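Notes follow once the structure below has been shown.
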Amino acid sequence: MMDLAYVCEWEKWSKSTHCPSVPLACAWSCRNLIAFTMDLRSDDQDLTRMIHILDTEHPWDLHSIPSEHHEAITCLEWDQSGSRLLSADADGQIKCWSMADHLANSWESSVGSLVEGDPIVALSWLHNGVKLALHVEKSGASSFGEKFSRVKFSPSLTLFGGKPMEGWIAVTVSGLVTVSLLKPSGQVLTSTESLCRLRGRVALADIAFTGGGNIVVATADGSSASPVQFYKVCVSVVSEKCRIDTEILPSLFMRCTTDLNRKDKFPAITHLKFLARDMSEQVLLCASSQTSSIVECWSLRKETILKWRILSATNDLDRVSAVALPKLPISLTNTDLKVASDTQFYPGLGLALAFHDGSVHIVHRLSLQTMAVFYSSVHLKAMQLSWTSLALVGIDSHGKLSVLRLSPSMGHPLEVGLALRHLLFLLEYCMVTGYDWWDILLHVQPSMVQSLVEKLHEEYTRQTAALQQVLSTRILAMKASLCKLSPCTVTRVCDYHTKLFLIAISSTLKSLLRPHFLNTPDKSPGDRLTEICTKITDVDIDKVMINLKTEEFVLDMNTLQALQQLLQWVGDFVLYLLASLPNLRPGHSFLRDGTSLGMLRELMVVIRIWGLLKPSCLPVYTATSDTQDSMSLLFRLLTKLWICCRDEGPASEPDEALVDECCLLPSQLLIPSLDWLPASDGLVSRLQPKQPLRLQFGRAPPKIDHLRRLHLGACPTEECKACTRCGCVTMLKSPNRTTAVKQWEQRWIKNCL
Amino acid sequence: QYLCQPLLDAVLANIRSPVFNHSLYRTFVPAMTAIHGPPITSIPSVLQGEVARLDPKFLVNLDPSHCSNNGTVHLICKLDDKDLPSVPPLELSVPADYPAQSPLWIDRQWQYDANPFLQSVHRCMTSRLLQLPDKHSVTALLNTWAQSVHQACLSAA
Ligand SMILES: [Zn+2]
């Protein structure tokens, strides 16, 4: 069901006067980040020369980068990993924008290239040389390697082994090409060269890569009566700069002009595209007259030795204003077309087209046939698709932004099983890679959330003992995000995400202590301590402490003070969990899980050892029992609760004695507080099918530091940072840096879980 | 002061610290929570008003010429008094931020000349405007105009 997700517009942006039209650009990154520019001409020129950065999770707040460009910006490109942006305009001024302090709301540039007076018509990054192939036939192969297969292209400009070199290449309005390379340091090497001795107008240009480390550049004059030239380019760094070797390739001529019936129509070429970057064997052309347009595809297949032929041509089209290409790497083999046709699986067989009406068309790739038509009830000037191709962003000839939901079925009814298989196959692609899944969450129904979660749970298992080790955080986060959509399972999300924290605080402590004398060789301290704790089921804590070699657990008595907040949080969580017995609660999942209880159980023996080493770092219990060991009381109940679930498939219910003894607990131990981290602010849980949402700018229709357990005032003083997905808030500049746990702070400088 | 010096010393020796709020909260939230429980759940308006509140002897309005919709406005005046004759319009210019300042009168010497009555009015006008104090308003000047015309008419007959 092709639908409209939400339309975003900005107040006061419209009502421009004396404004000639200017072309626009758009760019979608690996993460759900949109970079674009819009025609404003509102009381200042620079509003038309700003870079707008948008995050799809929070459309209402937009970031503006005041680029110091002198002419209209031509093109915008993202890197292979969405950490840098390439922007270029007329009169040179190619800029490389870098993220500031790992904040998406601050950008700064220090690298650039410049050629004086020549507008840039083509610009691209260099290739890294890694791609994958997806087979829909093997969607049930039960093997990650079997599903997504390596294709093994070759990288360009390999230096000192198999590590590629980064840089960019640009083609100007004339027959001029510039190449820039980046050293591992801040050094940059730039060079320029002429394509060929034939110097003429190059109105349109395109750049593609080929296997072996070669670049194919296509130039079009735009008169529809002249050939489109093709050139081959090789870049080599001879010890001081990048030299360019260029040679000529066979050209072609436009169709729909030898028909000898009506050739005066379509007198100008307006679009020249490559069907897919790194796929240089297919070229799409789009010509248009003042009223109608034609779109054609050509290929360089082997039957001169190399010739360009015709593949498809549409009947009749209106004026073409925007074209968008898919990004999903379909295998395109013969055996896959039949299984992608019988099953409604069309994520990479569509090309998106826009016209001067409110009509948007999805046309088949190999043969230009229309399959999906959308009417808006104005025209679209710039637009883009997604990696999974579940949605497309569009900019109209106004201040509006649109996001449209594309479904794989495209209106054809399907059963539940096929939809579940499609969704899990698409999710595993984002599992293998580092890409997000917001557009995937745009289409998941609330009814089939539980089936998806459970089936993904068994998909996580039965891997070859290595994929599970590096996908635990992702497998937790994906299902935590999934479970918040269905109101039946909306209450279990806090059981997942908080659980994640319990690993982190436990992972940094077992590696924080380094023994000054080794004991029990061929065993890490964490493993030996865990097996000792799971080998002894003694009721109280004093007997267990004896045989752990207390003389070794010694620290520098400086990081111990910085750990006080974490230990206090652990103790408060233990107290809350023990007091939650007499109760569907945010802490219900930990009662029936044995590993979490066990880990929390050995988490406290070490802090008992540290507290007997230093009493100031102990968590401050507010118990009304001066002569009774509160933490030993907690340990006794924790051990009693642990033995009831450590059995392999216990299926047992706690006895009434435990219930009443935990009932008596709050009469002795106060429960201070607790904070729920998954603050519901995303738009995924708010949108509804066939219910478009119209949101405006800056509308957006007990504050704690969640990373380090520090309380702020009624109104916080210093500015902070907010996570996009989880929504956690943490202080920007930490107060204690000379005396802090550097093993804990360094784990969150780049991203949050 | 008395009985509370230790608190002042502690606060002054603790202030402008990055963890002051955390310290205060951690040291003073639990007792307060336990004892009491949960916490609480163009043309400026002044000119328009002064024109609205003038005697119906005057029907001042915007000048057809000159600029408008700015801080400085121009007004043309007409006098309709049964007991007084007709006189030159006596236009005025109002600068921006009319309160806490005074307007100025654009003199037109040739208009008031060639008649003993009109130049007598003019010299009485100069005398009265020299007698007016600072920070005056436009209604005072209009009343001065009316009274000067009346005095000149009385002196003539
Ligand atoms: Zn986060």
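We label chains A, B, ... in the order they appear in the structure tokens, count residues from 1 in each chain, and number ligands from 1 in the order shown.
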
**Message:** Please identify all protein, DNA and RNA residues within 10 Å of ligand 1, counting only C-alpha atoms and all ligand atoms, and report them as a VMD selection string.
**Reply:** chain A and resid 477 497 677 to 678 706 to 707 722 to 730 748 751 to 753

**Message:** Give me the residues near region 528-545 of chain A as a PyMOL selection string, where near means some atom within 6 Å (using only C-alpha atoms) and where sequence neighbours in that chain fewer than 3 positions away do not count.
**Reply:** chain A and resi 525+548+636

Which residues, written as a PDB file with C-alpha atoms, in the first residue's frame, have at least one atom at most 9 Å from residue 269 (chain A), with only C-alpha atoms counted and residues fewer than 6 positions away on the same chain left out?
```
ATOM      1  CA  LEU A 204      25.731  17.010 -18.037  1.00  0.00           C
ATOM      2  CA  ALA A 220      26.661  15.164 -22.591  1.00  0.00           C
ATOM      3  CA  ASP A 221      26.429  18.506 -24.389  1.00  0.00           C
ATOM      4  CA  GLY A 222      22.631  18.565 -24.069  1.00  0.00           C
ATOM      5  CA  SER A 223      21.584  19.386 -27.642  1.00  0.00           C
ATOM      6  CA  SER A 224      20.021  15.927 -28.290  1.00  0.00           C
ATOM      7  CA  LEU A 285      18.911   8.992 -20.621  1.00  0.00           C
ATOM      8  CA  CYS A 286      15.967  11.366 -20.219  1.00  0.00           C
ATOM      9  CA  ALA A 287      15.152  14.020 -22.820  1.00  0.00           C
ATOM     10  CA  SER A 288      12.295  16.496 -22.711  1.00  0.00           C
ATOM     11  CA  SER A 289      10.526  19.128 -24.770  1.00  0.00           C
TER      12      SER A 289
END
```

Closest contacts (region 71-149 of chain B/region 43-66 of chain B, max 12 Å, only C-alpha atoms) as a Markdown table:
```
| residue | atom | partner | partner_atom | distance |
| --- | --- | --- | --- | --- |
| B:71 | CA | B:43 | CA | 7.5 |
| B:72 | CA | B:43 | CA | 8.9 |
| B:73 | CA | B:43 | CA | 7.7 |
| B:74 | CA | B:63 | CA | 5.5 |
| B:75 | CA | B:62 | CA | 4.8 |
| B:76 | CA | B:63 | CA | 5.4 |
| B:77 | CA | B:60 | CA | 4.7 |
| B:78 | CA | B:58 | CA | 6.3 |
| B:79 | CA | B:58 | CA | 5.6 |
| B:80 | CA | B:57 | CA | 5.4 |
| B:81 | CA | B:57 | CA | 6.0 |
| B:82 | CA | B:57 | CA | 9.3 |
| B:83 | CA | B:57 | CA | 10.9 |
| B:84 | CA | B:57 | CA | 10.7 |
| B:89 | CA | B:60 | CA | 9.8 |
| B:90 | CA | B:60 | CA | 10.3 |
| B:91 | CA | B:63 | CA | 8.3 |
| B:92 | CA | B:63 | CA | 9.2 |
| B:93 | CA | B:63 | CA | 9.6 |
| B:94 | CA | B:47 | CA | 9.0 |
| B:95 | CA | B:44 | CA | 10.9 |
| B:96 | CA | B:44 | CA | 8.9 |
| B:97 | CA | B:44 | CA | 8.3 |
| B:98 | CA | B:46 | CA | 7.8 |
| B:99 | CA | B:46 | CA | 8.0 |
| B:100 | CA | B:46 | CA | 11.7 |
| B:103 | CA | B:47 | CA | 11.7 |
| B:137 | CA | B:50 | CA | 9.4 |
| B:138 | CA | B:50 | CA | 8.6 |
| B:139 | CA | B:54 | CA | 7.1 |
| B:140 | CA | B:54 | CA | 10.3 |
| B:141 | CA | B:54 | CA | 11.9 |
| B:142 | CA | B:58 | CA | 8.4 |
| B:143 | CA | B:55 | CA | 9.3 |
| B:145 | CA | B:58 | CA | 11.1 |
| B:146 | CA | B:57 | CA | 9.2 |
```

For the residues selected in the previous step, produce a file with N, CA and C atoms as an mmCIF file, in the first residue's frame.
```
data_model
loop_
_atom_site.group_PDB
_atom_site.id
_atom_site.type_symbol
_atom_site.label_atom_id
_atom_site.label_comp_id
_atom_site.auth_asym_id
_atom_site.auth_seq_id
_atom_site.Cartn_x
_atom_site.Cartn_y
_atom_site.Cartn_z
ATOM 1 N N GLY B 71 8.075 56.659 12.035
ATOM 2 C CA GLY B 71 8.157 57.292 13.341
ATOM 3 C C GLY B 71 7.781 58.763 13.303
ATOM 4 N N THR B 72 8.131 59.449 12.219
ATOM 5 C CA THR B 72 7.784 60.849 12.028
ATOM 6 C C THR B 72 6.544 60.933 11.141
ATOM 7 N N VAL B 73 5.502 61.590 11.643
ATOM 8 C CA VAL B 73 4.250 61.749 10.914
ATOM 9 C C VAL B 73 3.999 63.239 10.730
ATOM 10 N N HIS B 74 3.131 63.573 9.782
ATOM 11 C CA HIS B 74 2.792 64.958 9.483
ATOM 12 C C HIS B 74 1.281 65.124 9.526
ATOM 13 N N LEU B 75 0.821 66.136 10.258
ATOM 14 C CA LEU B 75 -0.599 66.393 10.441
ATOM 15 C C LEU B 75 -0.938 67.794 9.952
ATOM 16 N N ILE B 76 -2.132 67.944 9.387
ATOM 17 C CA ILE B 76 -2.667 69.239 8.987
ATOM 18 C C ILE B 76 -3.913 69.514 9.821
ATOM 19 N N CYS B 77 -4.040 70.746 10.301
ATOM 20 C CA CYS B 77 -5.081 71.116 11.250
ATOM 21 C C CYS B 77 -6.061 72.085 10.603
ATOM 22 N N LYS B 78 -7.330 71.978 10.984
ATOM 23 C CA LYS B 78 -8.342 72.961 10.627
ATOM 24 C C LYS B 78 -9.107 73.360 11.883
ATOM 25 N N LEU B 79 -9.480 74.632 11.966
ATOM 26 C CA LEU B 79 -10.185 75.173 13.122
ATOM 27 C C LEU B 79 -11.619 75.487 12.734
ATOM 28 N N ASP B 80 -12.572 74.916 13.473
ATOM 29 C CA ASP B 80 -13.997 75.155 13.256
ATOM 30 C C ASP B 80 -14.595 75.659 14.572
ATOM 31 N N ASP B 81 -14.512 76.970 14.778
ATOM 32 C CA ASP B 81 -15.058 77.627 15.960
ATOM 33 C C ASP B 81 -16.003 78.728 15.491
ATOM 34 N N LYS B 82 -17.236 78.701 15.993
ATOM 35 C CA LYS B 82 -18.259 79.663 15.599
ATOM 36 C C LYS B 82 -17.874 81.078 16.011
ATOM 37 N N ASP B 83 -17.120 81.207 17.100
ATOM 38 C CA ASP B 83 -16.768 82.498 17.662
ATOM 39 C C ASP B 83 -15.465 83.061 17.100
ATOM 40 N N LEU B 84 -14.774 82.324 16.239
ATOM 41 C CA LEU B 84 -13.485 82.768 15.733
ATOM 42 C C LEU B 84 -13.448 82.713 14.214
ATOM 43 N N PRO B 89 -3.768 76.769 8.110
ATOM 44 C CA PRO B 89 -3.980 75.429 8.684
ATOM 45 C C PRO B 89 -3.091 75.092 9.873
ATOM 46 N N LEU B 90 -1.866 75.622 9.946
ATOM 47 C CA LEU B 90 -0.948 75.360 11.055
ATOM 48 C C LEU B 90 -0.665 73.856 11.180
ATOM 49 N N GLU B 91 0.025 73.349 10.160
ATOM 50 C CA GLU B 91 0.439 71.954 10.130
ATOM 51 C C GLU B 91 1.551 71.691 11.141
ATOM 52 N N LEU B 92 1.682 70.426 11.538
ATOM 53 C CA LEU B 92 2.669 70.004 12.521
ATOM 54 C C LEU B 92 3.384 68.742 12.058
ATOM 55 N N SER B 93 4.585 68.546 12.593
ATOM 56 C CA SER B 93 5.371 67.336 12.386
ATOM 57 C C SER B 93 5.655 66.689 13.735
ATOM 58 N N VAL B 94 5.377 65.392 13.839
ATOM 59 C CA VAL B 94 5.547 64.625 15.064
ATOM 60 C C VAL B 94 6.729 63.682 14.878
ATOM 61 N N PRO B 95 7.812 63.834 15.644
ATOM 62 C CA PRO B 95 8.950 62.912 15.517
ATOM 63 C C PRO B 95 8.669 61.554 16.136
ATOM 64 N N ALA B 96 9.625 60.633 16.011
ATOM 65 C CA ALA B 96 9.485 59.305 16.595
ATOM 66 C C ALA B 96 9.644 59.362 18.110
ATOM 67 N N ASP B 97 8.978 58.425 18.789
ATOM 68 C CA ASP B 97 8.950 58.343 20.251
ATOM 69 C C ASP B 97 8.461 59.678 20.828
ATOM 70 N N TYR B 98 7.197 59.964 20.522
ATOM 71 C CA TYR B 98 6.608 61.247 20.894
ATOM 72 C C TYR B 98 6.642 61.533 22.394
ATOM 73 N N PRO B 99 6.348 60.591 23.297
ATOM 74 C CA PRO B 99 6.511 60.882 24.724
ATOM 75 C C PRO B 99 7.960 61.192 25.073
ATOM 76 N N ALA B 100 8.126 61.991 26.127
ATOM 77 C CA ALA B 100 9.425 62.436 26.632
ATOM 78 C C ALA B 100 10.185 63.287 25.616
ATOM 79 N N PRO B 103 7.124 68.176 20.011
ATOM 80 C CA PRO B 103 7.001 68.372 18.566
ATOM 81 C C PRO B 103 7.396 69.791 18.168
ATOM 82 N N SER B 137 3.064 69.046 24.783
ATOM 83 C CA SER B 137 2.311 68.159 23.914
ATOM 84 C C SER B 137 1.708 68.950 22.748
ATOM 85 N N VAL B 138 0.942 68.260 21.904
ATOM 86 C CA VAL B 138 0.329 68.890 20.736
ATOM 87 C C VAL B 138 -1.015 69.517 21.079
ATOM 88 N N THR B 139 -1.751 68.931 22.031
ATOM 89 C CA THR B 139 -3.014 69.525 22.463
ATOM 90 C C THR B 139 -2.788 70.888 23.106
ATOM 91 N N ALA B 140 -1.709 71.026 23.882
ATOM 92 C CA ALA B 140 -1.371 72.325 24.453
ATOM 93 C C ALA B 140 -1.095 73.348 23.359
ATOM 94 N N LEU B 141 -0.386 72.945 22.303
ATOM 95 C CA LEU B 141 -0.104 73.867 21.208
ATOM 96 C C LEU B 141 -1.376 74.244 20.455
ATOM 97 N N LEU B 142 -2.294 73.291 20.274
ATOM 98 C CA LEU B 142 -3.555 73.601 19.606
ATOM 99 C C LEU B 142 -4.393 74.571 20.435
ATOM 100 N N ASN B 143 -4.446 74.355 21.751
ATOM 101 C CA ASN B 143 -5.160 75.282 22.623
ATOM 102 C C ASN B 143 -4.494 76.650 22.629
ATOM 103 N N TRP B 145 -2.927 77.905 20.061
ATOM 104 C CA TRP B 145 -3.364 78.481 18.792
ATOM 105 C C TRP B 145 -4.749 79.102 18.918
ATOM 106 N N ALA B 146 -5.690 78.362 19.507
ATOM 107 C CA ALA B 146 -7.046 78.881 19.666
ATOM 108 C C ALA B 146 -7.060 80.138 20.527
#
```

**10 Å contacts from chain A to chain B using only C-alpha atoms, as a ChimeraX atom specification** = /A:622,670,672,704,709-714,716-718,734-736

**Request:** Tell me which protein, DNA and RNA residues are within 10 Å of residue 122 (chain B), counting only C-alpha atoms, leaving out same-chain ones fewer than 4 positions away, and put them as an NGL selection string.
**Result:** :B and (107-109 or 111-113 or 116-118 or 126-128 or 145 or 148-149 or 152)

**Residue list (helix (DSSP H, G or I), DSSP) for chain B, as a ChimeraX atom specification** = /B:5-12,20-36,45-52,116-131,138-156

Atoms to include: C-alpha atoms. Write the selected residues as a short mmCIF file (atom, residue, chain, number, x, y, z; two decimals), in the first residue's frame.
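Output below, filename selection17.cif:
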```
data_model
loop_
_atom_site.label_atom_id
_atom_site.label_comp_id
_atom_site.auth_asym_id
_atom_site.auth_seq_id
_atom_site.Cartn_x
_atom_site.Cartn_y
_atom_site.Cartn_z
CA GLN B 5 26.94 31.57 60.53
CA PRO B 6 27.97 27.89 60.00
CA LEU B 7 25.48 27.56 57.13
CA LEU B 8 26.81 30.74 55.50
CA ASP B 9 30.40 29.50 55.85
CA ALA B 10 29.50 26.10 54.38
CA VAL B 11 27.63 27.65 51.45
CA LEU B 12 30.36 30.19 50.65
CA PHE B 20 26.92 21.53 44.28
CA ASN B 21 23.37 20.68 43.18
CA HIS B 22 24.04 16.93 43.41
CA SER B 23 25.49 17.35 46.91
CA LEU B 24 22.55 19.44 48.14
CA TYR B 25 19.98 17.06 46.65
CA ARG B 26 21.66 13.91 47.98
CA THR B 27 22.01 15.43 51.45
CA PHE B 28 18.54 17.00 51.77
CA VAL B 29 15.98 15.09 49.67
CA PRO B 30 15.20 12.00 51.82
CA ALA B 31 14.06 13.60 55.09
CA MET B 32 11.95 16.18 53.24
CA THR B 33 10.39 13.43 51.11
CA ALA B 34 9.65 11.21 54.11
CA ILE B 35 8.24 13.87 56.45
CA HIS B 36 5.90 15.61 54.00
CA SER B 45 -1.06 54.50 20.08
CA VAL B 46 -0.27 57.70 22.01
CA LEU B 47 -1.04 59.92 19.02
CA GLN B 48 -4.26 58.03 18.28
CA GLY B 49 -5.42 58.34 21.88
CA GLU B 50 -4.58 62.04 22.16
CA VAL B 51 -6.40 62.70 18.87
CA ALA B 52 -9.37 60.71 20.19
CA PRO B 116 -2.27 93.30 9.99
CA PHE B 117 -4.65 90.85 11.67
CA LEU B 118 -2.75 87.78 10.48
CA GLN B 119 0.70 89.13 11.37
CA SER B 120 -0.64 90.20 14.77
CA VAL B 121 -1.76 86.59 15.17
CA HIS B 122 1.72 85.51 14.07
CA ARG B 123 3.59 87.71 16.56
CA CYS B 124 1.30 86.62 19.40
CA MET B 125 2.01 83.07 18.20
CA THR B 126 5.77 83.57 18.39
CA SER B 127 5.40 85.11 21.85
CA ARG B 128 3.27 82.23 23.15
CA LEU B 129 5.51 79.50 21.70
CA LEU B 130 8.49 81.22 23.32
CA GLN B 131 6.44 81.17 26.55
CA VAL B 138 0.33 68.89 20.74
CA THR B 139 -3.01 69.53 22.46
CA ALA B 140 -1.37 72.32 24.45
CA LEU B 141 -0.10 73.87 21.21
CA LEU B 142 -3.56 73.60 19.61
CA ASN B 143 -5.16 75.28 22.62
CA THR B 144 -2.44 77.95 22.45
CA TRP B 145 -3.36 78.48 18.79
CA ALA B 146 -7.05 78.88 19.67
CA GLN B 147 -6.30 81.26 22.54
CA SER B 148 -3.87 83.33 20.46
CA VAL B 149 -6.50 83.70 17.73
CA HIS B 150 -9.05 84.74 20.36
CA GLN B 151 -6.67 87.26 21.93
CA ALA B 152 -5.80 88.76 18.54
CA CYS B 153 -9.49 89.06 17.67
CA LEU B 154 -10.17 90.75 21.02
CA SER B 155 -7.27 93.17 20.53
CA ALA B 156 -8.48 94.03 17.01
#
```

**Message:** Need to verify the contact set: residue 92 (chain A), 9 Å, only C-alpha atoms, exclusion of same-chain residues closer than 4 positions in sequence. Can you return it as a PyMOL selection string?
**Reply:** chain A and resi 88+113-120+172

Go ahead and write the residues just picked, N, CA, C and O atoms, as a PDB file, in the first residue's frame.
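Dumped to part.pdb:
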```pdb
ATOM      1  N   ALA A  88      29.674  21.171  -3.090  1.00  0.00           N
ATOM      2  CA  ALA A  88      30.335  21.928  -4.142  1.00  0.00           C
ATOM      3  C   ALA A  88      29.323  22.826  -4.837  1.00  0.00           C
ATOM      4  O   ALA A  88      28.126  22.522  -4.880  1.00  0.00           O
ATOM      5  N   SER A 113      39.119  22.081  -1.697  1.00  0.00           N
ATOM      6  CA  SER A 113      39.816  22.258  -2.962  1.00  0.00           C
ATOM      7  C   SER A 113      39.113  23.356  -3.750  1.00  0.00           C
ATOM      8  O   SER A 113      37.930  23.627  -3.547  1.00  0.00           O
ATOM      9  N   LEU A 114      39.858  24.000  -4.649  1.00  0.00           N
ATOM     10  CA  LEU A 114      39.317  25.154  -5.359  1.00  0.00           C
ATOM     11  C   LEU A 114      39.918  25.239  -6.751  1.00  0.00           C
ATOM     12  O   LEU A 114      41.139  25.161  -6.911  1.00  0.00           O
ATOM     13  N   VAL A 115      39.052  25.395  -7.750  1.00  0.00           N
ATOM     14  CA  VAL A 115      39.436  25.797  -9.099  1.00  0.00           C
ATOM     15  C   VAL A 115      38.655  27.058  -9.440  1.00  0.00           C
ATOM     16  O   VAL A 115      37.441  27.124  -9.215  1.00  0.00           O
ATOM     17  N   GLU A 116      39.354  28.074  -9.938  1.00  0.00           N
ATOM     18  CA  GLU A 116      38.784  29.408 -10.060  1.00  0.00           C
ATOM     19  C   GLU A 116      37.953  29.536 -11.329  1.00  0.00           C
ATOM     20  O   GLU A 116      38.449  29.299 -12.434  1.00  0.00           O
ATOM     21  N   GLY A 117      36.683  29.908 -11.160  1.00  0.00           N
ATOM     22  CA  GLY A 117      35.833  30.295 -12.262  1.00  0.00           C
ATOM     23  C   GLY A 117      35.094  29.179 -12.966  1.00  0.00           C
ATOM     24  O   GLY A 117      34.244  29.467 -13.818  1.00  0.00           O
ATOM     25  N   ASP A 118      35.375  27.917 -12.646  1.00  0.00           N
ATOM     26  CA  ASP A 118      34.750  26.807 -13.349  1.00  0.00           C
ATOM     27  C   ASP A 118      33.708  26.138 -12.466  1.00  0.00           C
ATOM     28  O   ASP A 118      34.068  25.532 -11.443  1.00  0.00           O
ATOM     29  N   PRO A 119      32.422  26.231 -12.798  1.00  0.00           N
ATOM     30  CA  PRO A 119      31.404  25.500 -12.032  1.00  0.00           C
ATOM     31  C   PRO A 119      31.612  23.997 -12.137  1.00  0.00           C
ATOM     32  O   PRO A 119      32.028  23.480 -13.173  1.00  0.00           O
ATOM     33  N   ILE A 120      31.313  23.295 -11.048  1.00  0.00           N
ATOM     34  CA  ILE A 120      31.469  21.845 -11.005  1.00  0.00           C
ATOM     35  C   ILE A 120      30.135  21.189 -11.338  1.00  0.00           C
ATOM     36  O   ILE A 120      29.106  21.495 -10.727  1.00  0.00           O
ATOM     37  N   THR A 172      34.277  19.545 -14.121  1.00  0.00           N
ATOM     38  CA  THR A 172      33.770  20.903 -14.223  1.00  0.00           C
ATOM     39  C   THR A 172      32.887  21.063 -15.462  1.00  0.00           C
ATOM     40  O   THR A 172      32.559  20.100 -16.158  1.00  0.00           O
TER      41      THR A 172
END
```
